[PDB]
Amino acid sequence: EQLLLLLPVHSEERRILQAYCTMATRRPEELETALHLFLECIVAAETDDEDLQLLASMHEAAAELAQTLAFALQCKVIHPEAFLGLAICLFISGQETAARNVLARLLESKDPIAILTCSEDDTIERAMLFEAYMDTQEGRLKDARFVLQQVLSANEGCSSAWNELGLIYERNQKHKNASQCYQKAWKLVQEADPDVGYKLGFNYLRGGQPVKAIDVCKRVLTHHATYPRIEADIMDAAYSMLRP
Amino acid sequence: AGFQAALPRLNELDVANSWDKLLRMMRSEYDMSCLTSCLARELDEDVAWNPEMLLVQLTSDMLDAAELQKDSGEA
Amino acid sequence: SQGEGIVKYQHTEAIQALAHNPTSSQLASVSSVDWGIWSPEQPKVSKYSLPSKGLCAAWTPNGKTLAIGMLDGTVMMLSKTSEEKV
């Protein structure tokens, strides 16, 4: 938010990123303020105590501007990033069905040419990632794999997509290709992510290669030492089953 | 479970970026960014300058600036 | 040295370390159940319980004390000469 106050007030990017910063806090009242901010964004698109003081004042301004849901459902999907922000606000706040509706409305535009774009804008790709996340909670995975294969054919560096396909492989017990794509993800990440490192170490543990698991967990800790559940779930068993 | 990486503080990225404070008041109404392309990156401190030591420091800094690129060996 | 086995004696589940005293001929094996003391004169080895399986072992150059390296960190001065443990 300290950086966000550097943005022009009239800029659309500031207006949507303000809602993003408010929804980041995960606070339900902040979620409501962000939701109303995003609804205002889509409607408008259709047609050192001083720094803390500024932070507080912008928080109050968002609160009072928060004091239109059918407008999202019915209007033309002209502003995609605001649609994505609204959808993730709906998902975090708890309403999964409305998030499904709004994001399906966003991605019925192109569903592909849009992903194959060599552009800085990646809102469409992030929408694909969110759709994979939502489908992973539905009990079905075939359409999630469909989306992941699409985005990875378009974008080979999508480390999160590799992570998700590895995870659904782990559900399918297909562990060799899961480990292969996890190694792909680990290479792309440059060994600097706690979650793909965590699951890679767990796969090594299940694969019975505790030296590799120790290497992965040591990289996780030398980069993100505060990640929980890493040592007590991987390192202890790797030490225990290093020499059976 | 949720985990958020520890990223550097804004003042860690630059020590003399106090304009971050100043620019956060004027922008309360609209954008004046064409006036703010003039603020110096650093700021002067309260020190004393010996002529010979200052010249030696300037020469050493320019030599280090040259040698930082010269370490790659590109020519 | 030539390749003739002297004796082939089993342990309970697994063996971890082998330590030879530079002074005396007999060695000490570190295994799953406990550390066994096999000697050429006495094939009988006493068996006792340990919290878990050890990792490493080290004898003193004069043969005073034996140190057992353990995963949980318990290094015990279990020496036959002195029953005291540090």
# chains A, B, ... in the order shown; residues from 1 in each chain; ligands from 1
call {"tool": "interface_residues", "arguments": {"of": "chain A", "to": "chain B", "cutoff": "9 Å", "atoms": "only C-alpha atoms", "output": "count of residues only"}}
result
18
call {"tool": "closest_atom_pairs", "arguments": {"of": "chain A", "to": "chain C", "cutoff": "10 Å", "atoms": "only C-alpha atoms", "output": "JSON lines"}}
result
{"residue": "A:236", "atom": "CA", "partner": "C:71", "partner_atom": "CA", "distance": 9.7}
{"residue": "A:239", "atom": "CA", "partner": "C:71", "partner_atom": "CA", "distance": 8.0}
{"residue": "A:240", "atom": "CA", "partner": "C:71", "partner_atom": "CA", "distance": 8.3}
{"residue": "A:243", "atom": "CA", "partner": "C:16", "partner_atom": "CA", "distance": 8.1}
{"residue": "A:244", "atom": "CA", "partner": "C:14", "partner_atom": "CA", "distance": 7.4}
call {"tool": "residues_around", "arguments": {"residues": "stretch 213-218 of chain A", "least_positions_apart": "6", "cutoff": "9 Å", "atoms": "only C-alpha atoms", "output": "PyMOL selection string"}}
result
chain A and resi 191+194+197-198+200-205+230-231+234-235+238-239
call {"tool": "write_last_selection", "arguments": {"atoms": "N, CA, C and O atoms", "output": "PDB file, in the first residue's frame"}}
result
ATOM      1  N   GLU A 191      14.911 -23.611  -7.157  1.00  0.00           N
ATOM      2  CA  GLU A 191      14.998 -24.183  -5.812  1.00  0.00           C
ATOM      3  C   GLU A 191      14.667 -23.155  -4.732  1.00  0.00           C
ATOM      4  O   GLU A 191      15.313 -23.105  -3.684  1.00  0.00           O
ATOM      5  N   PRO A 194       8.815 -23.010  -1.097  1.00  0.00           N
ATOM      6  CA  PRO A 194       8.627 -23.979  -0.015  1.00  0.00           C
ATOM      7  C   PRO A 194       7.610 -25.056  -0.332  1.00  0.00           C
ATOM      8  O   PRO A 194       7.734 -26.167   0.193  1.00  0.00           O
ATOM      9  N   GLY A 197       8.965 -27.457  -3.229  1.00  0.00           N
ATOM     10  CA  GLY A 197      10.037 -28.149  -2.536  1.00  0.00           C
ATOM     11  C   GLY A 197       9.516 -29.136  -1.511  1.00  0.00           C
ATOM     12  O   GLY A 197      10.034 -30.247  -1.387  1.00  0.00           O
ATOM     13  N   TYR A 198       8.472 -28.752  -0.778  1.00  0.00           N
ATOM     14  CA  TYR A 198       7.876 -29.641   0.213  1.00  0.00           C
ATOM     15  C   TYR A 198       7.332 -30.902  -0.441  1.00  0.00           C
ATOM     16  O   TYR A 198       7.604 -32.021   0.010  1.00  0.00           O
ATOM     17  N   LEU A 200       8.076 -32.095  -3.439  1.00  0.00           N
ATOM     18  CA  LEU A 200       9.175 -32.837  -4.045  1.00  0.00           C
ATOM     19  C   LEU A 200       9.912 -33.671  -3.006  1.00  0.00           C
ATOM     20  O   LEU A 200      10.254 -34.833  -3.259  1.00  0.00           O
ATOM     21  N   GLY A 201      10.159 -33.097  -1.828  1.00  0.00           N
ATOM     22  CA  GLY A 201      10.777 -33.861  -0.761  1.00  0.00           C
ATOM     23  C   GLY A 201       9.900 -35.000  -0.285  1.00  0.00           C
ATOM     24  O   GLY A 201      10.390 -36.092   0.007  1.00  0.00           O
ATOM     25  N   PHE A 202       8.590 -34.765  -0.208  1.00  0.00           N
ATOM     26  CA  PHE A 202       7.678 -35.833   0.185  1.00  0.00           C
ATOM     27  C   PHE A 202       7.661 -36.953  -0.850  1.00  0.00           C
ATOM     28  O   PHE A 202       7.564 -38.134  -0.494  1.00  0.00           O
ATOM     29  N   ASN A 203       7.741 -36.601  -2.134  1.00  0.00           N
ATOM     30  CA  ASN A 203       7.807 -37.616  -3.180  1.00  0.00           C
ATOM     31  C   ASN A 203       9.105 -38.408  -3.100  1.00  0.00           C
ATOM     32  O   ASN A 203       9.101 -39.634  -3.265  1.00  0.00           O
ATOM     33  N   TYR A 204      10.226 -37.721  -2.862  1.00  0.00           N
ATOM     34  CA  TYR A 204      11.495 -38.414  -2.661  1.00  0.00           C
ATOM     35  C   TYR A 204      11.420 -39.360  -1.473  1.00  0.00           C
ATOM     36  O   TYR A 204      11.958 -40.472  -1.515  1.00  0.00           O
ATOM     37  N   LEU A 205      10.762 -38.925  -0.398  1.00  0.00           N
ATOM     38  CA  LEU A 205      10.550 -39.784   0.761  1.00  0.00           C
ATOM     39  C   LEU A 205       9.737 -41.017   0.387  1.00  0.00           C
ATOM     40  O   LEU A 205      10.074 -42.140   0.779  1.00  0.00           O
ATOM     41  N   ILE A 230       8.095 -28.439   7.506  1.00  0.00           N
ATOM     42  CA  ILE A 230       9.076 -28.975   6.569  1.00  0.00           C
ATOM     43  C   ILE A 230       9.951 -30.024   7.248  1.00  0.00           C
ATOM     44  O   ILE A 230       9.987 -31.192   6.833  1.00  0.00           O
ATOM     45  N   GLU A 231      10.641 -29.630   8.322  1.00  0.00           N
ATOM     46  CA  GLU A 231      11.541 -30.546   9.010  1.00  0.00           C
ATOM     47  C   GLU A 231      10.777 -31.713   9.612  1.00  0.00           C
ATOM     48  O   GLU A 231      11.053 -32.870   9.284  1.00  0.00           O
ATOM     49  N   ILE A 234       9.524 -34.140   6.745  1.00  0.00           N
ATOM     50  CA  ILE A 234      10.417 -34.704   5.740  1.00  0.00           C
ATOM     51  C   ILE A 234      11.799 -35.006   6.310  1.00  0.00           C
ATOM     52  O   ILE A 234      12.342 -36.092   6.093  1.00  0.00           O
ATOM     53  N   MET A 235      12.393 -34.046   7.023  1.00  0.00           N
ATOM     54  CA  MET A 235      13.780 -34.195   7.454  1.00  0.00           C
ATOM     55  C   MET A 235      13.934 -35.325   8.463  1.00  0.00           C
ATOM     56  O   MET A 235      14.906 -36.089   8.403  1.00  0.00           O
ATOM     57  N   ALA A 238      13.639 -38.612   6.656  1.00  0.00           N
ATOM     58  CA  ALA A 238      14.806 -38.796   5.801  1.00  0.00           C
ATOM     59  C   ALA A 238      16.020 -39.220   6.615  1.00  0.00           C
ATOM     60  O   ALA A 238      16.797 -40.079   6.182  1.00  0.00           O
ATOM     61  N   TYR A 239      16.203 -38.623   7.795  1.00  0.00           N
ATOM     62  CA  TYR A 239      17.271 -39.065   8.684  1.00  0.00           C
ATOM     63  C   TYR A 239      17.013 -40.477   9.195  1.00  0.00           C
ATOM     64  O   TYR A 239      17.948 -41.273   9.335  1.00  0.00           O
TER      65      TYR A 239
END
call {"tool": "closest_residue", "arguments": {"among": "B:69, B:9, B:15, B:75", "to": "residue B:42", "atoms": "only C-alpha atoms"}}
result
B:15
call {"tool": "closest_residue", "arguments": {"among": "C:64, C:11, C:80, C:85", "to": "residue C:29", "atoms": "only C-alpha atoms"}}
result
C:11
